[PDB]
Amino acid sequence: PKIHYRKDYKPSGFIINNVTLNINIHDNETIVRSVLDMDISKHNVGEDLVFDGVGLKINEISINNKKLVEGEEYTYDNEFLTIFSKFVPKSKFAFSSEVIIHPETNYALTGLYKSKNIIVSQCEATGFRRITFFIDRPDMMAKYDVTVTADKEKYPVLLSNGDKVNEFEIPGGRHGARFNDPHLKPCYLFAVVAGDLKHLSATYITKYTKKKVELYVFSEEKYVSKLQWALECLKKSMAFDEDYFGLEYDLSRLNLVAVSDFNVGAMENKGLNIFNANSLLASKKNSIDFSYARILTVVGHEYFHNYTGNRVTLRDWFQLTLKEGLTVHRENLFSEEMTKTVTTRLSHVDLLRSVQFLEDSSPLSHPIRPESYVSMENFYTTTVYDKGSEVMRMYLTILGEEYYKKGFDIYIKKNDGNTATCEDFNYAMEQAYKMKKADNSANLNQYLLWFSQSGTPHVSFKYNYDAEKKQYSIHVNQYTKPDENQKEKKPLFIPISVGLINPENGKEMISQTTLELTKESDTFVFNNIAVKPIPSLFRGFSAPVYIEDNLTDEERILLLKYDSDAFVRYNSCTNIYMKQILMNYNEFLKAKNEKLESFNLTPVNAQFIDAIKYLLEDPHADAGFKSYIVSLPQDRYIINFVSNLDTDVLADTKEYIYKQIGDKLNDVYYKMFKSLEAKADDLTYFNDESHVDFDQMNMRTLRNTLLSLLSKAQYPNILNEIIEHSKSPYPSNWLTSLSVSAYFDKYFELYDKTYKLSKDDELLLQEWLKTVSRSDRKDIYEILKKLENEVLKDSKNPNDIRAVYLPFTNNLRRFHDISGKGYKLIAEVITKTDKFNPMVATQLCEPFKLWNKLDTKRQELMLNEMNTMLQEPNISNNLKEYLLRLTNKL
Ligand SMILES: CC(C)C[C@@H](NC(=O)NCc1ccc(F)cc1F)C(=O)NO
Ligand SMILES: [Mg+2]
Ligand SMILES: [Mg+2]
Ligand SMILES: [Mg+2]
Ligand SMILES: [Zn+2]
């Protein structure tokens, strides 16, 4: 296909200074008239003027009021408008076009589209070209004057970026509104919305300059009651950027708008952030707990882009991580601050080490700054986002808070109102590093390898203690596996946050310190170490790596009980589970392949189980943390450690381990499930959509995790508890009652009960679909067909499609049915969805990413479905690129 390379970046021959748009919405067409005030740059060599413009119907084209004609002065092929160089002026000129577009049939949700009864845009990355002609790349910065007109009854609220400077009536029951956005921007940050929207509003006064900012949050009328928590989260986001980063908002007004049909979470259009409704709307009677967290993070994220993305933007799309990795890091700092729970940071680590590590070991592996693409849209990945964020976070670990803040301000101020590159960020952080080291020859040149080198480093350790000298050494090695991006991998700058625990008394033996590993291996020596320690390594998960702790399970148990760092405690537990999972998996696999009539399994370590019980019974230990220790590692995590994985053998492995532990702990689990009830389900704040007690939410999470364990175990009379739980006013509880009832005859009664509770709220119904989809049912295939026929039907809403299918794809036993029927079902959905929404179709490909990790029968079945999809006529460039890369053809 058509491949863009990072190395070939060149500035344009043209400049666009001002954009003046009139967008006239009618029932069966929208007319877009656009004037671009343009000029020739210093890089111009008299080339043709080529605009991006996809699927536009041309009404008229002119330059300086001279009409241009197709075949004579221009060509248009439905993708690019070429104005021949003879007709391109040599100094400042006005380019005029008028085109017709059709939001009402735009089911791809990119460009201008209709979502229920709201007209909305999505322009990042390449959507502005589906609205009007432009040099649609992020270095083409301009100022925008936008007029929107529409039928007043249908579309009473009209929004675009920036200050509303006029509103006017138009004959025939229409009206208009004009916007001026004074901030220079790329076209990917343009937005318009038209709808019958309702709002909540508040005034925010900025901390330093005392600027009054009007905050509006919008939804369709039915769901206006679900806007309050978003507004609160916006205030929190603003205060956080003021308090931590010294950054104030820069317009008089900020609008946030929920729409039902959206490809991803939300979008940072200047002054007009647009959200998937699932990431803006909640109410405590109609939303699960996880919604509150999601809204907090997504509102935060879009808000933080106002500097990291908007005020400082991208030179080109290869720099994507500069805005997304950095914004996710800001969002994560914010979330950790607002929730004050250790499970926040653990949740980010869990996501990285499951999904992103899988990606990084797959044929899709890329560095956080890719070298090439066909469709830029395929690079909005957990690598670019989540590994990017960890790369952005490592600067803070290396520098500390004070020097990190200095470097960040160098960056943000130097590049204000302009484009930037990853190098500019690394240069700013390098100035801070020099200051920190008090050495103007220190450099971060090695650090750039985190942007250019793909793959996850493996860091391993060896320890030695000299009792006579009271001297302890940690010898560290790093390795990155060669891959298609680099045949020779170089050592990275890896910060290793470390503590040392005395195993006798469980106490800290050193000031926490950060080891700076820069070579392939190094030995770090500590004096005045009074007894042999147990090391507490990569505290806070200080780099995005595979950690090989080389600790015994006895040492791991001591850290789990006694270490200060929540990640090291969690990882020590993770490691004990992984050792057991790999050992039992190999035992089961050998028995199966050798057709043994009898064999042995290694039992779960009894001292580890005792440790779990000790933590669970400690009334002062954290409820969220407890829910992580009784859960095995996620399947996507486990699979990074197994080649030729037999998923059935893995399923049997996990069941054996869970059963071993429950045989010891179920009575503890039951006692805690009951004892936590009063505090977990207390109704303090149940009517307050401005405040969430995240500790209490983690108590519900722990109850629900325990209830699942006990239900799968068939603990005596647990069905009574399941039925009581379905009467709870918390949706998290009553939907958990449905999933845990899977193990009982009462499942279809709870299916109906909860359906009735969910069906009248669009977002709650989607959460019910996910609950059904992930249910541990032998008849799941018949249940999915019932969802398709009775609920999903012909929906093109990405949230409905994702809700029905993705959870099911995580059913290890059923999705990977050795017949291949799981792979076939999802491939049919992908191909169907690709005919109207290529981005969503590529999202639905997610289960196939691990195909070359599976046993060879399942590899063959997956491959056969991937190649079937590839053969589909009129396959999108998005899906075709994804599948060609994934199957080692590109
Ligand atoms: C171009 C914009 C639309 C990308 C947006 N990314 C984003 O929302 N990711 C979350 C996400 C949510 C739902 C989903 F199904 C898939 C996703 F990748 C983001 O970074 N917003 O700032
Ligand atoms: Mg069209
Ligand atoms: Mg997030
Ligand atoms: Mg709907
Ligand atoms: Zn973003």
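Shown for chain A, in order and in Swiss-Prot numbering: 196-1085.
If you check the header, you will see the structure was determined by X-ray crystallography, 1.7 Å.
Note: Cβ is positioned from N, Cα and C throughout, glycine not excepted.
Summarising the annotation, Swiss-Prot assigns peptide binding site to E319, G460, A461, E463. Around the Cβ of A461 (peptide binding site), 24 further Cβ atoms fall within 10 Å across all displayed protein chains.
Proximity of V459 (site 'Important for substrate specificity') to non-local residues of its own chain (separation of 6 or more, Cβ distance below 8 Å) is seen for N471, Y575, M1034, given in sequence order. Annotation source Swiss-Prot lists site 'Important for substrate specificity' at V459, citing experimental evidence.
Residues annotated as Zn(2+) binding site in Swiss-Prot: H496, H500, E519. A coil conformation is recorded for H500 (Zn(2+) binding site) in the three-state DSSP classification, outside any helix or strand. All protein chains included, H500 (Zn(2+) binding site) registers 25 other Cβ atoms within 10 Å of its own Cβ.
Cβ neighbours of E497 (active site, proton acceptor) (same chain, under 8 Å, six or more residues apart in sequence): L451, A461, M462, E463, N468, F470. As annotated by Swiss-Prot, active site, proton acceptor applies to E497, with the evidence given as similarity to another entry.
Residues or ranges marked as site 'Transition state stabilizer' by Swiss-Prot: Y580. Just so you know, the Cβ of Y580 (site 'Transition state stabilizer') picks up 20 other Cβ atoms within 10 Å once every protein chain is counted.
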Residues among the recorded positions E319, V459, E463, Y580 that border ligand 1 - Cβ under 6 angstroms, in sequence order: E319, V459, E463
Distance from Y580 (site 'Transition state stabilizer') back to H500 (Zn(2+) binding site), taken between C-alpha atoms, in Å: 13
Pairwise CA distance, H496 (Zn(2+) binding site) versus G460 (peptide binding site), rounded so that it is a whole Å: 10
Cβ within 8 Å of the mean position of the Cβ atoms of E319, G460, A461, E463: remaining residues of the chain near peptide: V459, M462, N468, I469, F470, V493, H496, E497, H500
Among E319, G460, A461, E463, the record's peptide binders - longest CA distance, Å: 13
Long-range Cβ environment of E519 (Zn(2+) binding site), under 8 Å and at least 6 residues apart: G504, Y575, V579, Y580, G583
Mapped DSSP class for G460 (peptide binding site), helix or strand or coil: coil
